[PDB]
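Printed here is target.cif (mmCIF, C-alpha atoms; chains and numbers go by the auth columns):
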```cif
data_run
#
loop_
_atom_site.group_PDB
_atom_site.id
_atom_site.type_symbol
_atom_site.label_atom_id
_atom_site.label_comp_id
_atom_site.label_asym_id
_atom_site.label_seq_id
_atom_site.Cartn_x
_atom_site.Cartn_y
_atom_site.Cartn_z
_atom_site.B_iso_or_equiv
_atom_site.auth_seq_id
_atom_site.auth_asym_id
ATOM 1 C CA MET A 1 -11.587 3.384 -5.085 0.00 1 A
ATOM 2 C CA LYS A 2 -9.802 0.397 -3.584 0.00 2 A
ATOM 3 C CA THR A 3 -7.034 1.718 -1.306 0.00 3 A
ATOM 4 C CA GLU A 4 -5.598 -1.293 0.503 0.00 4 A
ATOM 5 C CA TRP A 5 -4.121 -4.605 -0.664 0.00 5 A
ATOM 6 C CA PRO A 6 -4.173 -6.946 2.367 0.00 6 A
ATOM 7 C CA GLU A 7 -3.886 -9.865 -0.023 0.00 7 A
ATOM 8 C CA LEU A 8 -0.292 -8.846 -0.795 0.00 8 A
ATOM 9 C CA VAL A 9 1.060 -9.392 2.728 0.00 9 A
ATOM 10 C CA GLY A 10 3.960 -11.822 2.436 0.00 10 A
ATOM 11 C CA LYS A 11 4.521 -11.255 -1.287 0.00 11 A
ATOM 12 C CA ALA A 12 7.793 -10.272 -2.953 0.00 12 A
ATOM 13 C CA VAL A 13 8.031 -6.615 -4.088 0.00 13 A
ATOM 14 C CA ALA A 14 8.038 -7.536 -7.781 0.00 14 A
ATOM 15 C CA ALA A 15 4.831 -9.552 -7.408 0.00 15 A
ATOM 16 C CA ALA A 16 3.134 -6.825 -5.316 0.00 16 A
ATOM 17 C CA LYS A 17 3.808 -3.917 -7.676 0.00 17 A
ATOM 18 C CA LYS A 18 2.243 -5.908 -10.528 0.00 18 A
ATOM 19 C CA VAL A 19 -1.092 -6.087 -8.724 0.00 19 A
ATOM 20 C CA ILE A 20 -1.022 -2.514 -7.426 0.00 20 A
ATOM 21 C CA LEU A 21 -0.287 -1.063 -10.840 0.00 21 A
ATOM 22 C CA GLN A 22 -3.317 -2.838 -12.272 0.00 22 A
ATOM 23 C CA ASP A 23 -5.506 -1.109 -9.707 0.00 23 A
ATOM 24 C CA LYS A 24 -3.675 2.239 -9.654 0.00 24 A
ATOM 25 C CA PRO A 25 -1.652 2.572 -12.841 0.00 25 A
ATOM 26 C CA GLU A 26 -0.091 5.937 -11.922 0.00 26 A
ATOM 27 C CA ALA A 27 0.813 5.025 -8.372 0.00 27 A
ATOM 28 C CA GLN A 28 4.007 6.395 -6.836 0.00 28 A
ATOM 29 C CA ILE A 29 5.415 3.222 -5.193 0.00 29 A
ATOM 30 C CA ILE A 30 8.086 3.572 -2.480 0.00 30 A
ATOM 31 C CA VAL A 31 9.776 0.726 -0.627 0.00 31 A
ATOM 32 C CA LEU A 32 10.885 1.090 2.989 0.00 32 A
ATOM 33 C CA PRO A 33 12.060 -1.381 5.615 0.00 33 A
ATOM 34 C CA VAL A 34 9.125 -2.184 7.946 0.00 34 A
ATOM 35 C CA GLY A 35 9.437 -0.158 11.170 0.00 35 A
ATOM 36 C CA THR A 36 10.630 2.995 9.391 0.00 36 A
ATOM 37 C CA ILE A 37 9.105 6.044 11.106 0.00 37 A
ATOM 38 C CA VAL A 38 6.972 8.040 8.640 0.00 38 A
ATOM 39 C CA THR A 39 5.003 11.297 8.871 0.00 39 A
ATOM 40 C CA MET A 40 1.209 11.627 8.885 0.00 40 A
ATOM 41 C CA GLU A 41 0.885 13.475 5.551 0.00 41 A
ATOM 42 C CA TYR A 42 -1.677 11.922 3.230 0.00 42 A
ATOM 43 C CA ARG A 43 -0.459 11.501 -0.388 0.00 43 A
ATOM 44 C CA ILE A 44 -3.224 10.149 -2.624 0.00 44 A
ATOM 45 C CA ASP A 45 -0.701 9.233 -5.343 0.00 45 A
ATOM 46 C CA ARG A 46 1.428 7.152 -3.013 0.00 46 A
ATOM 47 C CA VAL A 47 1.607 3.533 -1.933 0.00 47 A
ATOM 48 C CA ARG A 48 4.353 2.622 0.505 0.00 48 A
ATOM 49 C CA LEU A 49 5.570 -0.979 0.678 0.00 49 A
ATOM 50 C CA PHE A 50 6.968 -1.909 4.111 0.00 50 A
ATOM 51 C CA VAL A 51 9.258 -4.897 3.637 0.00 51 A
ATOM 52 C CA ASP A 52 11.025 -7.349 5.916 0.00 52 A
ATOM 53 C CA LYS A 53 14.627 -8.602 5.722 0.00 53 A
ATOM 54 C CA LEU A 54 13.582 -11.227 3.130 0.00 54 A
ATOM 55 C CA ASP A 55 12.247 -8.386 0.984 0.00 55 A
ATOM 56 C CA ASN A 56 8.609 -9.501 1.401 0.00 56 A
ATOM 57 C CA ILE A 57 5.639 -7.240 2.132 0.00 57 A
ATOM 58 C CA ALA A 58 5.331 -7.111 5.938 0.00 58 A
ATOM 59 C CA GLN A 59 2.328 -4.821 6.381 0.00 59 A
ATOM 60 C CA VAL A 60 -0.853 -4.140 4.437 0.00 60 A
ATOM 61 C CA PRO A 61 -0.032 -1.812 1.546 0.00 61 A
ATOM 62 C CA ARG A 62 -2.315 1.235 1.466 0.00 62 A
ATOM 63 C CA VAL A 63 -2.695 4.548 -0.368 0.00 63 A
ATOM 64 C CA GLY A 64 -1.279 7.421 1.702 0.00 64 A
#
```

Please, can you express the file's structure as structure tokens?
Amino acid sequence: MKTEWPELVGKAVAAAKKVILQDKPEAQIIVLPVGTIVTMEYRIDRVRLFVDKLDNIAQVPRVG
């Protein structure tokens, strides 16, 4: 199980989702501004996308 997509740093949301969904078709994908404070719960279904003000992936997307 691949759980990180470092290769998507700097990509637009639309482009990113396309790759993630190929790897994890039933992923729950949430978009948040980078810097948003999140909790430590581990959600195996989830992949959070932290984006910058240009709407590009700012941090390595990972399952959690």

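Across the structure, CA of residue 43 in chain A and CA of residue 55 in chain A are spaced 23.6 Å apart.
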
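When all atoms listed in the file are used to measure the gap to residue 60 in chain A, the shortest distance among A:34, A:21, A:1, A:44 belongs to A:34.
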
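If all atoms listed in the file are the atoms counted, then among A:2, A:11, A:48, A:18 the closest residue to residue 36 in chain A is A:48.
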
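Closest to residue 53 in chain A among A:3, A:38, A:32, A:25 is A:32, based on only C-alpha atoms.
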
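Closest approach to residue 20 in chain A from the set A:35, A:4, A:58, A:40 is made by A:4, with distances taken over all atoms listed in the file.
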
Reference answer for the PyMOL selection byres ((chain A and resi 29) around 7), as a ChimeraX atom specification: /A:27-28,30-31,46-48

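Take the candidates A:26, A:19, A:33, A:59 and check each one against residue 45 in chain A using all atoms listed in the file; the shortest distance goes to A:26.
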
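Between residue 8 in chain A and the residues A:54, A:37, A:24, A:62, the shortest atom-to-atom distance, using all atoms listed in the file, involves A:62.
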
Take CA of residue 13 in chain A and CA of residue 42 in chain A and report the distance between them in Å, one decimal. 22.2 Å

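From CA of residue 39 in chain A back to CA of residue 52 in chain A, the distance works out to 19.8 Å.
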